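Okay, here's what each chain looks like letter by letter:
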Amino acid sequence: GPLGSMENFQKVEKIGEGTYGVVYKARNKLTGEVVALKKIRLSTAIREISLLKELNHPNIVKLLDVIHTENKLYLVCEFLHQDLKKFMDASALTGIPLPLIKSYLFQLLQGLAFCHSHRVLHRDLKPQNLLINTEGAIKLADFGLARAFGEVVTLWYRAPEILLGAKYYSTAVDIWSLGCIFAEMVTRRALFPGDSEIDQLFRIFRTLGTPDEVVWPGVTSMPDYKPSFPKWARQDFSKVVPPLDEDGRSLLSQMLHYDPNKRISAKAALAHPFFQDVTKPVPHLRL
Ligand SMILES: */C=C\C(=O)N1CCN(CC2CC2)c2cc(C(=O)OC)ccc21
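Residues numbered from 1 in each chain as written, not as in the entry; some residues may be left out. Heavy atoms only, no water. Residues with missing side-chain atoms left out of burial classes, pairs and counts.

1. Considerations on the UniProt feature "active site" in the protein chain
The condition that has to hold: UniProt positions are given in the numbering used here, feature names are shortened, and annotations may be inferred rather than shown by experiment. Only DSSP runs of H or I reaching four residues or more are called helices, and only runs of E reaching two or more are called strands; each is numbered from the N terminus. With a 1.4 Å probe rolled over the protein chains alone, any residue whose accessible area is under 20% of its type maximum counts as buried; one over 50% counts as exposed, and the rest are partly exposed. Residue contacts are counted whenever heavy atoms from the two residues lie within 4.5 Å of one another. Counting of polar contacts relies on pairs of N or O atoms within 3.5 Å, with two restrictions inside protein: one atom must be capable of donating a hydrogen and the other of accepting it, and residues adjacent in sequence are counted only when both atoms are side-chain atoms.
In the numbering used here, UniProt assigns the feature "active site" to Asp124. Inspection of the secondary structure assignment puts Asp124 in the loop between α3 (98-117) and β7 (130-132). For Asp124, a relative accessible area of 11% gives the class buried. Not counting residues within four places of it along the chain, the set of residues in contact with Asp124 comprises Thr19, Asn129, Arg158 and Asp174. One polar contact links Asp124 to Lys126, side chain to side chain, over a distance of 2.4 Å.

The structure is reproduced here in structure tokens:
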């Protein structure tokens with residue numbers, strides 16, 4: 001078995017918890033490069049991961065290297081300046097400026113359209129794995145594998161078809177997660193902050209109404225659907241995202257359609273009128 005493969009990286013800071021391991025800010029001992037290092041404590045996933053090394057896009061965090069040594073798996077990523085959760089917390093008193101929200105949403109839709117055009121799903125979009133830099137960019141990170149391998153799981157961004165037991169995800173799950181993040185940037189509160197699967201499901205139901213066959217054909221036959229679910233009425237989007245103009249509200253409503261077949265795709269969303277005046281502002285970052 002392999003050893004000595006990682007003495008070329010000196011760990012500088014602990015910067016989060018990825019989808020399968022802890023992530024450090026590290027410094028390439030040899031080249032001086034500053035990177036983000038995911039350590040997965042341990043294949044068909046050795047190939048599914050290495051395919052992500054080819055998935056290069058301005059709005060996807062660059063996967064530089066996979067280092068499989070000594071019953072541990074390392075992912076070497078480019079390092080970005082801040083993640084969206086921290087920036088949202090830092091902007092709690094003022095709010096992220098709406099043009100910057102719109103830039104960030106637009107860029108993430110571009111990243112997803114690229115990912116989805118390659119039939120790659122993220123599966124677990126969260127403010128914590130959206131990374132931003134000083135230049136105005138935002139990038140997708142920590143893609144969830146179809147094969148899980150290797151804190152507490154956040155459920156707040158989970159699409160309802162996942163919660164309802166759907167065995168096969170579509171790209172629509174990522175559009176749902178990003179809609180939730182969009183709303184959270186605008187209102188400065190999480191849209192659906194459940195603390196269990198059923199609390200998550202029912203928080204969605206209380207806001208968007210309990211889905212039935214009318215709005216979601218097939219919902220009542222899903223593995224975890226129960227006829228005994230409470231029947232809540234749908235609230236109005238004027239109540240859910242007050243600061244958002246009608247263009248933003250209509251886009252968000254389309255990202256949160258219950259039926260994954262009705263949910264807007266990333267590429268369709270790019271053409272939505274909400275982006276006809278999109279710009280690329282600079283965040284104010286305290287690093
Ligand atoms: C290559 C490391 C990697 O896989 N990721 C995804 C995990 N994270 C953060 C994790 C969600 C808490 C992460 C962060 C960065 C970064 O630059 O943070 C400042 C880069 C890559 C990765």
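2. Re the pattern of salt bridges
What counts is decided by this rule: For salt bridges, the criterion is a side-chain nitrogen of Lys or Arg within 4 Å of an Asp or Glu carboxyl oxygen.
Enumeration over the complete set of coordinates arrives at 13 salt bridges. With its nearest N and O atoms 2.9 Å apart, the salt bridge here joins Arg203 to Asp199. Of the two residues, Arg203 and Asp199 are both situated in helix α6 (residues 197-208); the distance of four residues between them amounts to about one turn of the helix. Taking relative accessible area as the criterion, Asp199 reaches 18% and is therefore assigned buried. Taking the shortest distance from any N to any O, the salt bridge between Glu246 and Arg249 comes out at 3.2 Å. With a gap of three residues between them, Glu246 and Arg249 both fall in helix α8 (residues 246-255), about one helical turn apart. Look at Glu246 and you get exposed, because its relative accessible area is 52%. Its relative accessible area of 17% is what places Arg249 among the buried residues. Bridged by salt links that share partners, the residues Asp124, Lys126 and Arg158 form one connected network.

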